[PDB]
Every structure is written in C-alpha cells, then in structure tokens.
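Chemist: The file below is run-v9.tsv, TSV, C-alpha atoms and all ligand atoms:
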chain	number	residue	atom	x	y	z
V	1	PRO	CA	63.56	205.52	77.06
V	2	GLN	CA	60.25	207.29	76.60
V	3	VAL	CA	60.51	210.82	78.10
V	4	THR	CA	57.37	212.81	78.73
V	5	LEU	CA	57.44	216.65	78.79
V	6	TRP	CA	55.41	217.33	81.91
V	7	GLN	CA	58.85	218.35	83.30
V	8	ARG	CA	62.01	219.69	81.57
V	9	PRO	CA	63.70	216.76	79.79
V	10	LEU	CA	66.96	216.75	81.79
V	11	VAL	CA	69.35	213.83	81.61
V	12	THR	CA	72.76	212.98	82.90
V	13	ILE	CA	75.69	213.35	80.56
V	14	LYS	CA	79.27	212.32	80.92
V	15	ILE	CA	81.88	214.57	79.31
V	16	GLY	CA	85.52	215.22	80.00
V	17	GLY	CA	85.08	212.58	82.71
V	18	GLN	CA	82.45	214.75	84.44
V	19	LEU	CA	78.76	214.05	85.06
V	20	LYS	CA	76.47	217.05	84.29
V	21	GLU	CA	72.79	217.53	83.73
V	22	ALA	CA	71.71	218.74	80.21
V	23	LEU	CA	68.36	219.47	78.59
V	24	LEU	CA	67.28	217.50	75.45
V	25	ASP	CA	66.28	220.36	73.20
V	26	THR	CA	64.86	219.82	69.80
V	27	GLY	CA	64.68	223.66	69.18
V	28	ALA	CA	68.51	223.65	69.29
V	29	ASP	CA	70.60	222.92	66.17
V	30	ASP	CA	73.77	222.30	68.17
V	31	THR	CA	74.96	221.30	71.60
V	32	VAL	CA	75.87	224.09	73.90
V	33	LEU	CA	77.37	223.53	77.38
V	34	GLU	CA	78.40	225.92	80.08
V	35	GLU	CA	81.96	226.97	80.58
V	36	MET	CA	84.34	224.01	81.02
V	37	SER	CA	87.87	223.15	79.82
V	38	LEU	CA	87.75	220.49	77.15
V	39	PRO	CA	90.92	218.98	75.77
V	40	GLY	CA	92.15	220.07	72.33
V	41	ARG	CA	91.70	222.88	69.85
V	42	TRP	CA	88.78	225.28	69.76
V	43	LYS	CA	87.64	228.01	67.42
V	44	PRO	CA	85.55	231.06	68.42
V	45	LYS	CA	82.05	231.22	66.94
V	46	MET	CA	78.78	233.19	67.26
V	47	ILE	CA	75.35	231.64	67.82
V	48	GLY	CA	71.87	232.96	68.28
V	49	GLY	CA	69.01	232.26	70.66
V	50	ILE	CA	65.78	234.12	71.54
V	51	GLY	CA	67.77	236.77	73.43
V	52	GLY	CA	70.40	237.36	70.67
V	53	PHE	CA	73.96	236.30	69.78
V	54	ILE	CA	76.61	235.10	72.03
V	55	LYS	CA	80.11	234.00	71.49
V	56	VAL	CA	81.21	230.41	72.10
V	57	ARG	CA	84.22	228.24	71.72
V	58	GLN	CA	83.76	225.31	69.24
V	59	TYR	CA	85.23	221.86	70.00
V	60	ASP	CA	85.06	219.17	67.34
V	61	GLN	CA	84.94	215.43	67.78
V	62	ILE	CA	84.13	215.30	71.49
V	63	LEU	CA	82.92	212.07	73.01
V	64	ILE	CA	79.84	212.52	75.15
V	65	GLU	CA	77.70	209.86	76.83
V	66	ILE	CA	74.00	210.67	77.12
V	67	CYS	CA	72.04	208.32	79.41
V	68	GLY	CA	74.83	205.92	78.59
V	69	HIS	CA	74.47	206.25	74.76
V	70	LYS	CA	77.75	207.41	73.04
V	71	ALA	CA	77.91	210.41	70.73
V	72	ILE	CA	81.05	211.90	69.07
V	73	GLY	CA	80.48	215.37	67.68
V	74	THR	CA	80.66	219.09	68.06
V	75	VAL	CA	80.25	220.82	71.35
V	76	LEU	CA	80.00	224.66	71.75
V	77	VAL	CA	81.15	225.91	75.26
V	78	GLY	CA	79.72	229.33	76.37
V	79	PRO	CA	77.25	231.37	78.42
V	80	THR	CA	74.13	229.27	78.08
V	81	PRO	CA	71.47	229.40	80.84
V	82	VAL	CA	71.62	225.51	80.82
V	83	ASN	CA	73.59	222.61	79.27
V	84	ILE	CA	71.60	221.77	76.12
V	85	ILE	CA	71.80	218.73	73.84
V	86	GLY	CA	70.83	219.90	70.36
V	87	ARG	CA	69.94	218.02	67.19
V	88	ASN	CA	73.56	217.19	66.13
V	89	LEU	CA	73.79	214.74	69.12
V	90	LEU	CA	70.09	213.82	69.42
V	91	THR	CA	70.37	212.29	65.96
V	92	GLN	CA	73.46	210.26	66.83
V	93	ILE	CA	71.59	208.56	69.76
V	94	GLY	CA	68.52	208.01	67.56
V	95	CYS	CA	66.22	210.29	69.43
V	96	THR	CA	62.80	211.07	67.89
V	97	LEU	CA	59.71	213.11	68.82
V	98	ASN	CA	56.43	211.10	68.77
V	99	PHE	CA	52.76	211.79	69.45
Q	1	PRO	CA	53.68	210.74	63.87
Q	2	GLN	CA	57.34	210.03	64.44
Q	3	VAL	CA	59.33	213.24	63.75
Q	4	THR	CA	63.08	212.67	63.08
Q	5	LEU	CA	65.61	215.42	64.02
Q	6	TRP	CA	67.77	215.48	60.91
Q	7	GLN	CA	66.00	218.75	60.05
Q	8	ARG	CA	64.50	221.31	62.50
Q	9	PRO	CA	61.16	219.89	63.71
Q	10	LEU	CA	58.85	222.25	61.85
Q	11	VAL	CA	55.15	221.35	61.56
Q	12	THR	CA	51.94	223.10	60.67
Q	13	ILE	CA	49.77	224.58	63.39
Q	14	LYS	CA	46.43	226.20	62.91
Q	15	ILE	CA	45.48	229.28	64.92
Q	16	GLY	CA	42.05	230.66	64.27
Q	17	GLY	CA	41.83	229.14	60.74
Q	18	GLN	CA	45.33	230.54	59.91
Q	19	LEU	CA	47.88	227.84	59.03
Q	20	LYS	CA	51.45	228.53	60.22
Q	21	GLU	CA	54.79	226.77	60.66
Q	22	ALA	CA	56.10	226.20	64.22
Q	23	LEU	CA	59.14	224.47	65.65
Q	24	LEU	CA	58.47	221.71	68.15
Q	25	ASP	CA	60.73	222.49	71.01
Q	26	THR	CA	61.35	220.32	74.02
Q	27	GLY	CA	63.83	222.87	75.40
Q	28	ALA	CA	61.05	225.52	75.51
Q	29	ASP	CA	59.02	225.84	78.74
Q	30	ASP	CA	56.55	228.13	76.97
Q	31	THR	CA	55.05	228.58	73.55
Q	32	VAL	CA	56.21	231.71	71.66
Q	33	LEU	CA	54.38	232.95	68.56
Q	34	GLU	CA	55.45	235.59	66.09
Q	35	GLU	CA	54.08	239.08	66.56
Q	36	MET	CA	50.28	239.00	65.93
Q	37	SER	CA	47.15	240.97	66.95
Q	38	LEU	CA	45.07	238.72	69.19
Q	39	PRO	CA	41.89	240.03	70.77
Q	40	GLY	CA	42.30	240.22	74.52
Q	41	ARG	CA	44.04	241.46	77.57
Q	42	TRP	CA	47.53	240.17	78.09
Q	43	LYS	CA	50.09	240.44	80.84
Q	44	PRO	CA	53.64	241.56	80.00
Q	45	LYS	CA	56.39	238.97	80.59
Q	46	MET	CA	60.12	238.62	79.93
Q	47	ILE	CA	61.49	235.27	78.61
Q	48	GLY	CA	65.06	234.15	78.54
Q	49	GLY	CA	67.45	231.89	76.74
Q	50	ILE	CA	70.70	232.04	74.81
Q	51	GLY	CA	71.55	235.71	74.49
Q	52	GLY	CA	69.37	237.11	77.36
Q	53	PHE	CA	65.72	238.07	77.57
Q	54	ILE	CA	63.03	239.68	75.42
Q	55	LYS	CA	59.69	241.23	76.26
Q	56	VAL	CA	56.55	239.37	75.25
Q	57	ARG	CA	52.79	239.55	75.77
Q	58	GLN	CA	51.04	236.73	77.50
Q	59	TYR	CA	47.59	235.61	76.30
Q	60	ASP	CA	45.85	232.72	78.19
Q	61	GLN	CA	43.59	229.98	76.83
Q	62	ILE	CA	44.63	230.13	73.21
Q	63	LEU	CA	43.52	227.21	71.13
Q	64	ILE	CA	46.05	225.89	68.74
Q	65	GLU	CA	46.03	222.73	66.69
Q	66	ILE	CA	49.36	220.94	66.21
Q	67	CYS	CA	49.02	218.46	63.33
Q	68	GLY	CA	45.26	218.09	63.93
Q	69	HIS	CA	45.62	217.76	67.74
Q	70	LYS	CA	43.92	220.43	69.94
Q	71	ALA	CA	45.87	222.18	72.68
Q	72	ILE	CA	44.60	225.21	74.59
Q	73	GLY	CA	46.91	227.11	76.77
Q	74	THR	CA	49.14	230.02	77.49
Q	75	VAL	CA	50.92	231.67	74.55
Q	76	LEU	CA	53.59	234.47	74.54
Q	77	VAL	CA	53.61	236.90	71.49
Q	78	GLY	CA	56.94	238.58	70.74
Q	79	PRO	CA	59.40	239.35	67.95
Q	80	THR	CA	60.43	235.76	67.28
Q	81	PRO	CA	61.58	234.81	63.84
Q	82	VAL	CA	59.60	231.56	64.26
Q	83	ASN	CA	56.62	230.19	66.09
Q	84	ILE	CA	57.81	227.92	68.94
Q	85	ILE	CA	55.63	225.23	70.52
Q	86	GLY	CA	56.81	224.56	74.00
Q	87	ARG	CA	56.21	221.90	76.70
Q	88	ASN	CA	52.98	223.55	77.90
Q	89	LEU	CA	51.33	222.54	74.65
Q	90	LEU	CA	53.46	219.52	73.74
Q	91	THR	CA	52.12	217.57	76.77
Q	92	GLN	CA	48.48	218.16	75.73
Q	93	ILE	CA	49.06	216.28	72.49
Q	94	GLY	CA	50.92	213.22	73.79
Q	95	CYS	CA	54.36	214.31	72.73
Q	96	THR	CA	57.30	212.29	74.13
Q	97	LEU	CA	61.02	211.99	73.22
Q	98	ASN	CA	62.12	208.40	72.49
Q	99	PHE	CA	65.60	206.90	72.27
V	101	LIG	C1	62.76	230.34	73.55
V	101	LIG	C2	61.75	229.33	74.01
V	101	LIG	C3	61.83	229.20	75.56
V	101	LIG	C4	61.09	230.43	76.10
V	101	LIG	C5	63.16	229.07	76.24
V	101	LIG	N1	64.08	228.04	75.81
V	101	LIG	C6	65.30	228.26	75.30
V	101	LIG	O1	65.71	229.41	75.05
V	101	LIG	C7	66.15	227.04	74.97
V	101	LIG	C8	67.27	226.80	75.96
V	101	LIG	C9	68.40	227.88	75.92
V	101	LIG	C10	66.71	226.64	77.41
V	101	LIG	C11	66.62	227.14	73.51
V	101	LIG	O2	67.68	226.35	73.21
V	101	LIG	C12	65.57	227.03	72.37
V	101	LIG	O3	65.41	225.64	72.19
V	101	LIG	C13	65.95	227.92	71.21
V	101	LIG	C14	64.86	228.01	70.14
V	101	LIG	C15	65.21	228.99	68.98
V	101	LIG	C16	64.97	230.48	69.44
V	101	LIG	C17	65.46	231.35	68.25
V	101	LIG	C18	64.54	231.15	67.06
V	101	LIG	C19	64.59	229.70	66.59
V	101	LIG	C20	64.38	228.69	67.74
V	101	LIG	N2	67.19	227.59	70.56
V	101	LIG	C21	68.36	228.26	70.66
V	101	LIG	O4	68.44	229.31	71.28
V	101	LIG	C22	69.44	227.73	69.72
V	101	LIG	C23	70.80	228.03	70.28
V	101	LIG	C24	71.79	227.50	69.27
V	101	LIG	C25	72.60	226.44	69.18
V	101	LIG	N3	73.30	226.57	67.94
V	101	LIG	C26	72.81	227.65	67.30
V	101	LIG	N4	71.93	228.26	68.09
V	101	LIG	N5	69.14	228.22	68.41
V	101	LIG	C27	69.02	227.51	67.30
V	101	LIG	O5	69.33	226.33	67.22
V	101	LIG	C28	68.64	228.16	66.00
V	101	LIG	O6	68.69	229.54	66.08
V	101	LIG	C29	68.23	230.40	65.14
V	101	LIG	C30	67.82	229.91	63.94
V	101	LIG	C31	67.31	230.78	62.95
V	101	LIG	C32	67.21	232.11	63.17
V	101	LIG	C33	67.68	232.68	64.36
V	101	LIG	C34	67.57	234.07	64.59
V	101	LIG	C35	68.00	234.55	65.79
V	101	LIG	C36	68.52	233.70	66.78
V	101	LIG	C37	68.60	232.36	66.59
V	101	LIG	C38	68.20	231.79	65.38
V	101	LIG	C39	62.94	228.70	77.74
V	101	LIG	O7	62.36	227.68	78.06
V	101	LIG	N6	63.47	229.44	78.68
V	101	LIG	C40	63.37	229.36	80.09
V	101	LIG	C41	64.63	228.87	80.71
V	101	LIG	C42	64.83	227.49	80.69
V	101	LIG	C43	65.97	226.92	81.24
V	101	LIG	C44	66.90	227.79	81.79
V	101	LIG	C45	66.68	229.17	81.78
V	101	LIG	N7	65.56	229.70	81.25
What does the file become when written as structure tokens?
Ligand SMILES: CC[C@H](C)[C@H](NC(=O)[C@H](C(C)C)[C@@H](O)[C@H](O)[C@H](CC1CCCCC1)NC(=O)[C@H](Cc1c[nH]c[nH+]1)NC(=O)COc1cccc2ccccc12)C(=O)NCc1ccccn1
Modeler:
Amino acid sequence: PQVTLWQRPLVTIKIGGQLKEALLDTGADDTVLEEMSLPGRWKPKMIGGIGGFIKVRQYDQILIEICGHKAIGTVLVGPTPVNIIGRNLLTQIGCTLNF
Amino acid sequence: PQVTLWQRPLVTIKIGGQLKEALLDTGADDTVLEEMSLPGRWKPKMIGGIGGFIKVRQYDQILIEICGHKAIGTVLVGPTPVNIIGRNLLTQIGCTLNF
C-alpha cells in the first residue's frame, strides 16, 4: 500500500498468534514491542530513545506478519510507549519512503 | 525521491540558509531540532518516547526545506543528538510510505 502521514502510520501485525497494532517508524533502527511472552531464548539489552535508555529482552528469528507480509527477524520486548516496527523489518517487507 | 531504509533516512534540510542533516521519521508526531537560538517567543513543552520525556521549546511557523521542498510549521528545539523531521512536516512535502 501507499500510506500517507496525515495520521500515525499504524498497521495490524500478527505475532505469537496475536493481532496487535504497531507504528511503522523509520526513525527506529529496530523493532520494539510492549511486554509479551515470546517463545524461545532472549538476551537482555539496552536501547536509547529521545527520553533515554531502557532495558529490553532480545528475541532472534521471530516470525511477524505485517499487513499480511512476512518478516523473520529480531524483536526487542520492553517498555515502549507503542509497538514500533523499525528498519530491520521495514526492509524485509520492502518498505520505502517517497515524495 | 525514493528513500530506502537500509541506512537511517538522513537527508539535508535547510533552515535559514544553514544546511543540516535530519532523520525522516514516520514514528515522530513532531519535528525536533537540535539546540539552536531562534528569534522568537516559544512555549515550553515536554515530548515523550522510548526512555521517558524531555523538555523542549516550541516555535511556530518555522520554514524548513526538506530536499528542496518547503514546509512551514511547528518545530520543537531540545537536546537531541539529531534533527528529526516528523509527520507535521512530512505531509507538507508529499511523503508516503510504500510497500
Ligand atoms: C522523538 C520524536 C517524537 C517526538 C516521538 N516519537 C518517538 O519517540 C518514536 C516512538 C517511540 C513513538 C521513536 O521510535 C523515534 O522514531 C525515535 C527517534 C530517535 C530519537 C533518538 C535520536 C535518534 C532518533 N527512535 C527511537 O527512540 C529508537 C528506539 C530504538 C530501537 N532500537 C534502538 N533504539 N532509536 C533509534 O533507533 C536510534 O537511537 C539512537 C541513535 C543514535 C544516538 C542515540 C542517542 C540517544 C538515544 C538514542 C539514539 C513521538 O512522536 N512521540 C509521541 C508519542 C507517540 C506515540 C506514543 C506516545 N508518544
């Protein structure tokens, strides 16, 4: 699709068999979702945002469906104000900015 | 232009005949520029994101040019490490996300 920015670019994602809403965020290097139990192994990690550094859990090789397009990659789980799809997954689904 | 997301979407903006680098961010409701001394009265504001909130100064009707495209609007000045172009200015130039 072609998504305009008059509103927040929120889409439906499917992960862990759950539907959630997530923001497409090109200012984000990685994908950060709110607290959820994902299957497998995780490793603690620190990330920064405009407010500072937070701690997250890192899950590798997670399948996520974004607007029905499949992505397999890293997901950080932590205290984010919103579910955000960063560049690691935007590139997998061949998302671009245009003007 | 068609900006890919393999790298951070950094472009050149011009602000009062000053060229600067800015990240094009679809996950940003507002535009945030690095600390700078703009003539004018501002209004204090607090913006949030990963990590919490920071205090910024709000200036209205600032003219910026994103890759030779004029946008005039509300800008927040705070201690960001980078200039961030948000949705408020991204819509004025025709920016869309495509996948
Ligand atoms: C900051 C702009 C804007 C004001 C704000 N938007 C956000 O904070 C977005 C969402 C959390 C909503 C946010 O992801 C945004 O895209 C920011 C932009 C970033 C600010 C730091 C400087 C570089 C650029 N990105 C992020 O916060 C992600 C989080 C992440 C994932 N992996 C690693 N980090 N950061 C990054 O990818 C890269 O970070 C950094 C890179 C280099 C230096 C840094 C120094 C300090 C801190 C961070 C640095 C907003 O709209 N907030 C209102 C709001 C919206 C929805 C919900 C609640 N509140």
Chemist: Sort by chain and increasing residue number a table of all residues of chain Q within 7 Å of ligand LIG 101 (chain V), each with its closest pair of atoms and their distance in Å to one decimal, counting all atoms listed in the file, and write it as JSON lines.
Modeler:
{"residue": "Q:25", "atom": "CA", "partner": "V:LIG101", "partner_atom": "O3", "distance": 5.8}
{"residue": "Q:26", "atom": "CA", "partner": "V:LIG101", "partner_atom": "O3", "distance": 6.9}
{"residue": "Q:27", "atom": "CA", "partner": "V:LIG101", "partner_atom": "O3", "distance": 4.5}
{"residue": "Q:28", "atom": "CA", "partner": "V:LIG101", "partner_atom": "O7", "distance": 3.6}
{"residue": "Q:29", "atom": "CA", "partner": "V:LIG101", "partner_atom": "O7", "distance": 3.9}
{"residue": "Q:30", "atom": "CA", "partner": "V:LIG101", "partner_atom": "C4", "distance": 5.2}
{"residue": "Q:31", "atom": "CA", "partner": "V:LIG101", "partner_atom": "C2", "distance": 6.8}
{"residue": "Q:32", "atom": "CA", "partner": "V:LIG101", "partner_atom": "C2", "distance": 6.5}
{"residue": "Q:47", "atom": "CA", "partner": "V:LIG101", "partner_atom": "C4", "distance": 5.5}
{"residue": "Q:48", "atom": "CA", "partner": "V:LIG101", "partner_atom": "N6", "distance": 5.0}
{"residue": "Q:49", "atom": "CA", "partner": "V:LIG101", "partner_atom": "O1", "distance": 3.5}
{"residue": "Q:50", "atom": "CA", "partner": "V:LIG101", "partner_atom": "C9", "distance": 4.9}
{"residue": "Q:80", "atom": "CA", "partner": "V:LIG101", "partner_atom": "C18", "distance": 6.2}
{"residue": "Q:81", "atom": "CA", "partner": "V:LIG101", "partner_atom": "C18", "distance": 5.7}
{"residue": "Q:82", "atom": "CA", "partner": "V:LIG101", "partner_atom": "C18", "distance": 5.7}
{"residue": "Q:84", "atom": "CA", "partner": "V:LIG101", "partner_atom": "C2", "distance": 6.6}
{"residue": "Q:86", "atom": "CA", "partner": "V:LIG101", "partner_atom": "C2", "distance": 6.9}
Chemist: Write a file of the selected residues as a PDB file, in the coordinates of the input, keeping C-alpha atoms.
Modeler:
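Output (selection_30.pdb):
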ATOM      1  CA  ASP Q  25      60.730 222.490  71.010  1.00  0.00           C
ATOM      2  CA  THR Q  26      61.350 220.320  74.020  1.00  0.00           C
ATOM      3  CA  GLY Q  27      63.830 222.870  75.400  1.00  0.00           C
ATOM      4  CA  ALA Q  28      61.050 225.520  75.510  1.00  0.00           C
ATOM      5  CA  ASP Q  29      59.020 225.840  78.740  1.00  0.00           C
ATOM      6  CA  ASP Q  30      56.550 228.130  76.970  1.00  0.00           C
ATOM      7  CA  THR Q  31      55.050 228.580  73.550  1.00  0.00           C
ATOM      8  CA  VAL Q  32      56.210 231.710  71.660  1.00  0.00           C
ATOM      9  CA  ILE Q  47      61.490 235.270  78.610  1.00  0.00           C
ATOM     10  CA  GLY Q  48      65.060 234.150  78.540  1.00  0.00           C
ATOM     11  CA  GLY Q  49      67.450 231.890  76.740  1.00  0.00           C
ATOM     12  CA  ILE Q  50      70.700 232.040  74.810  1.00  0.00           C
ATOM     13  CA  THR Q  80      60.430 235.760  67.280  1.00  0.00           C
ATOM     14  CA  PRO Q  81      61.580 234.810  63.840  1.00  0.00           C
ATOM     15  CA  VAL Q  82      59.600 231.560  64.260  1.00  0.00           C
ATOM     16  CA  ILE Q  84      57.810 227.920  68.940  1.00  0.00           C
ATOM     17  CA  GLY Q  86      56.810 224.560  74.000  1.00  0.00           C
TER      18      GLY Q  86
END
Chemist: Got a sec to align chain V on chain Q by every in-order Cα pair and hand back the fitted coordinates as a compact mmCIF listing (two decimals) with C-alpha atoms, in the coordinates of the input?
Modeler:
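Below is the file out_23.txt, written as the result:
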# COMPACT_ATOMS: atom_id res chain seq x y z
CA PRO V 1 53.51 210.67 64.13
CA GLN V 2 57.15 209.73 64.56
CA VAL V 3 59.33 212.79 63.74
CA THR V 4 63.03 212.33 63.16
CA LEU V 5 65.50 215.20 63.79
CA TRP V 6 67.60 215.01 60.65
CA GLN V 7 65.74 218.27 59.82
CA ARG V 8 64.17 220.96 62.08
CA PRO V 9 60.90 219.55 63.47
CA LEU V 10 58.52 222.06 61.84
CA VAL V 11 54.79 221.44 61.74
CA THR V 12 51.72 223.29 60.67
CA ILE V 13 49.66 225.00 63.33
CA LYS V 14 46.30 226.64 63.15
CA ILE V 15 45.74 229.66 65.40
CA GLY V 16 43.46 232.64 65.21
CA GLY V 17 42.17 230.97 62.04
CA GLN V 18 45.64 231.19 60.46
CA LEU V 19 47.99 228.41 59.36
CA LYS V 20 51.65 228.97 60.41
CA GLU V 21 54.72 226.81 60.67
CA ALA V 22 56.18 226.29 64.22
CA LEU V 23 59.12 224.33 65.60
CA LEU V 24 58.51 221.55 68.21
CA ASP V 25 61.05 222.55 70.82
CA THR V 26 61.62 220.55 73.91
CA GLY V 27 64.25 223.12 75.18
CA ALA V 28 61.36 225.62 75.46
CA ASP V 29 59.18 225.82 78.60
CA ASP V 30 56.47 227.83 76.85
CA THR V 31 55.06 228.55 73.44
CA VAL V 32 56.30 231.65 71.77
CA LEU V 33 54.94 232.92 68.42
CA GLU V 34 55.85 235.88 66.31
CA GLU V 35 53.87 239.06 66.37
CA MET V 36 50.16 238.53 65.65
CA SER V 37 46.88 239.95 67.03
CA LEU V 38 45.12 237.38 69.16
CA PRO V 39 41.68 238.06 70.56
CA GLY V 40 41.33 238.97 74.25
CA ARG V 41 43.41 240.24 77.13
CA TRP V 42 47.18 240.08 77.35
CA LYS V 43 49.74 240.87 80.01
CA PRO V 44 53.35 241.95 79.36
CA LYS V 45 56.04 239.50 80.48
CA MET V 46 59.80 238.88 80.19
CA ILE V 47 61.39 235.63 79.02
CA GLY V 48 64.90 234.43 78.45
CA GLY V 49 66.69 232.54 75.70
CA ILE V 50 70.38 231.98 74.84
CA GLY V 51 70.70 235.59 73.67
CA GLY V 52 69.00 237.18 76.74
CA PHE V 53 65.58 238.54 77.78
CA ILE V 54 62.89 239.83 75.64
CA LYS V 55 59.51 241.19 76.33
CA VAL V 56 56.35 239.40 75.20
CA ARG V 57 52.64 239.68 75.49
CA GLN V 58 50.96 236.74 77.35
CA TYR V 59 47.62 235.32 76.15
CA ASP V 60 45.88 232.70 78.25
CA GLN V 61 43.53 229.97 77.15
CA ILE V 62 44.21 230.09 73.41
CA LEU V 63 43.06 227.24 71.22
CA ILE V 64 45.76 226.00 68.90
CA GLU V 65 45.70 223.00 66.56
CA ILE V 66 49.03 221.24 66.05
CA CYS V 67 49.06 218.71 63.19
CA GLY V 68 45.35 218.60 63.85
CA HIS V 69 45.68 217.84 67.62
CA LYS V 70 43.90 220.47 69.84
CA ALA V 71 45.65 222.31 72.65
CA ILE V 72 44.20 225.11 74.86
CA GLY V 73 46.85 227.01 76.78
CA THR V 74 49.17 229.93 77.09
CA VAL V 75 50.75 231.59 74.13
CA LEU V 76 53.47 234.32 74.40
CA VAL V 77 53.57 236.69 71.30
CA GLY V 78 56.94 238.49 70.68
CA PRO V 79 60.22 238.79 68.78
CA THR V 80 61.18 235.16 68.43
CA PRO V 81 63.38 234.08 65.48
CA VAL V 82 60.72 231.32 64.82
CA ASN V 83 57.26 230.16 66.02
CA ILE V 84 58.08 227.62 68.76
CA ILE V 85 55.84 225.07 70.47
CA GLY V 86 57.20 224.60 73.98
CA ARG V 87 56.51 222.00 76.66
CA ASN V 88 53.19 223.53 77.92
CA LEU V 89 51.53 222.49 74.58
CA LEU V 90 53.73 219.47 73.75
CA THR V 91 52.37 217.83 76.89
CA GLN V 92 48.75 218.53 75.99
CA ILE V 93 49.16 216.65 72.63
CA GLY V 94 51.02 213.82 74.37
CA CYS V 95 54.33 214.37 72.72
CA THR V 96 57.35 212.41 74.01
CA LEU V 97 61.06 212.08 73.15
CA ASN V 98 62.21 208.47 72.51
CA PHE V 99 65.45 206.73 71.60
Chemist: For chain V versus chain Q, which residues have an atom no more than 7 Å away, and what is each residue's nearest atom pair and distance in Å rounded to one decimal, using only C-alpha atoms, chain-then-number order, as a Markdown table?
Modeler:
| residue | atom | partner | partner_atom | distance |
| --- | --- | --- | --- | --- |
| V:1 | CA | Q:99 | CA | 5.4 |
| V:2 | CA | Q:98 | CA | 4.6 |
| V:3 | CA | Q:97 | CA | 5.0 |
| V:4 | CA | Q:96 | CA | 4.6 |
| V:5 | CA | Q:91 | CA | 5.8 |
| V:6 | CA | Q:91 | CA | 6.1 |
| V:23 | CA | Q:27 | CA | 6.5 |
| V:24 | CA | Q:27 | CA | 6.4 |
| V:25 | CA | Q:27 | CA | 4.1 |
| V:26 | CA | Q:25 | CA | 5.1 |
| V:27 | CA | Q:25 | CA | 4.5 |
| V:48 | CA | Q:50 | CA | 6.7 |
| V:49 | CA | Q:50 | CA | 4.5 |
| V:50 | CA | Q:49 | CA | 5.9 |
| V:51 | CA | Q:51 | CA | 4.1 |
| V:52 | CA | Q:51 | CA | 4.3 |
| V:53 | CA | Q:51 | CA | 5.3 |
| V:54 | CA | Q:51 | CA | 5.7 |
| V:80 | CA | Q:50 | CA | 5.5 |
| V:81 | CA | Q:49 | CA | 6.3 |
| V:87 | CA | Q:5 | CA | 6.0 |
| V:91 | CA | Q:5 | CA | 6.0 |
| V:93 | CA | Q:99 | CA | 6.7 |
| V:94 | CA | Q:99 | CA | 5.7 |
| V:95 | CA | Q:99 | CA | 4.5 |
| V:96 | CA | Q:4 | CA | 5.1 |
| V:97 | CA | Q:97 | CA | 4.7 |
| V:98 | CA | Q:2 | CA | 4.6 |
| V:99 | CA | Q:95 | CA | 4.4 |
Chemist: How would the residues just picked look written out with C-alpha atoms as a CSV table (one decimal), in the frame of the given file?
Modeler:
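What landed in again-v4.csv:
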chain,number,residue,atom,x,y,z
V,1,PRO,CA,63.6,205.5,77.1
V,2,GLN,CA,60.2,207.3,76.6
V,3,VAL,CA,60.5,210.8,78.1
V,4,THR,CA,57.4,212.8,78.7
V,5,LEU,CA,57.4,216.6,78.8
V,6,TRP,CA,55.4,217.3,81.9
V,23,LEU,CA,68.4,219.5,78.6
V,24,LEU,CA,67.3,217.5,75.4
V,25,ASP,CA,66.3,220.4,73.2
V,26,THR,CA,64.9,219.8,69.8
V,27,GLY,CA,64.7,223.7,69.2
V,48,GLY,CA,71.9,233.0,68.3
V,49,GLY,CA,69.0,232.3,70.7
V,50,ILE,CA,65.8,234.1,71.5
V,51,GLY,CA,67.8,236.8,73.4
V,52,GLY,CA,70.4,237.4,70.7
V,53,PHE,CA,74.0,236.3,69.8
V,54,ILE,CA,76.6,235.1,72.0
V,80,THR,CA,74.1,229.3,78.1
V,81,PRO,CA,71.5,229.4,80.8
V,87,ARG,CA,69.9,218.0,67.2
V,91,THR,CA,70.4,212.3,66.0
V,93,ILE,CA,71.6,208.6,69.8
V,94,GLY,CA,68.5,208.0,67.6
V,95,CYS,CA,66.2,210.3,69.4
V,96,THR,CA,62.8,211.1,67.9
V,97,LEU,CA,59.7,213.1,68.8
V,98,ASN,CA,56.4,211.1,68.8
V,99,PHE,CA,52.8,211.8,69.4
Chemist: Within 6 Å of residue Q:76, counting all atoms listed in the file, which residues qualify if same-chain residues fewer than 5 places away don't, as a compact mmCIF listing (two decimals) with C-alpha atoms, keeping the file's coordinate frame?
Modeler:
# COMPACT_ATOMS: atom_id res chain seq x y z
CA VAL Q 32 56.21 231.71 71.66
CA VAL Q 56 56.55 239.37 75.25
CA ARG Q 57 52.79 239.55 75.77
CA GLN Q 58 51.04 236.73 77.50
Chemist: Find the distance between atom CA of residue Q:37 and atom CA of residue Q:65 and write it in Å to one decimal.
Modeler: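 Separation between atom CA of residue Q:37 and atom CA of residue Q:65: 18.3 Å.
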Chemist: Would you give the centre and edge lengths, in Å to one decimal, of a box along x, y and z around the listed atoms of stretch 52-60 of chain V, with 8 Å added to each side, as JSON?
Modeler:
{"center_x": 77.8, "center_y": 228.3, "center_z": 69.7, "size_x": 30.8, "size_y": 34.2, "size_z": 20.8}
Chemist: Quick one: residues within 8 Å of stretch 19-21 of chain Q, all atoms listed in the file counted, chain neighbours fewer than 5 positions away excluded, as a PyMOL selection string?
Modeler: chain Q and resi 10-14+82-83
Chemist: Near residue Q:16, counting all atoms listed in the file, which residues have an atom at most 10 Å away, once you skip same-chain residues fewer than 6 positions from it, shown as a count of residues only?
Modeler: 5
Chemist: So how far away is atom CA of residue V:75 from atom CA of residue V:42, in Å?
Modeler: 9.8 Å
Chemist: Mind giving me the straight-line distance from atom CA of residue Q:59 to atom CA of residue Q:71 in Å, one decimal?
Modeler: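 Computed distance, atom CA of residue Q:59 to atom CA of residue Q:71, equals 14.0 Å.
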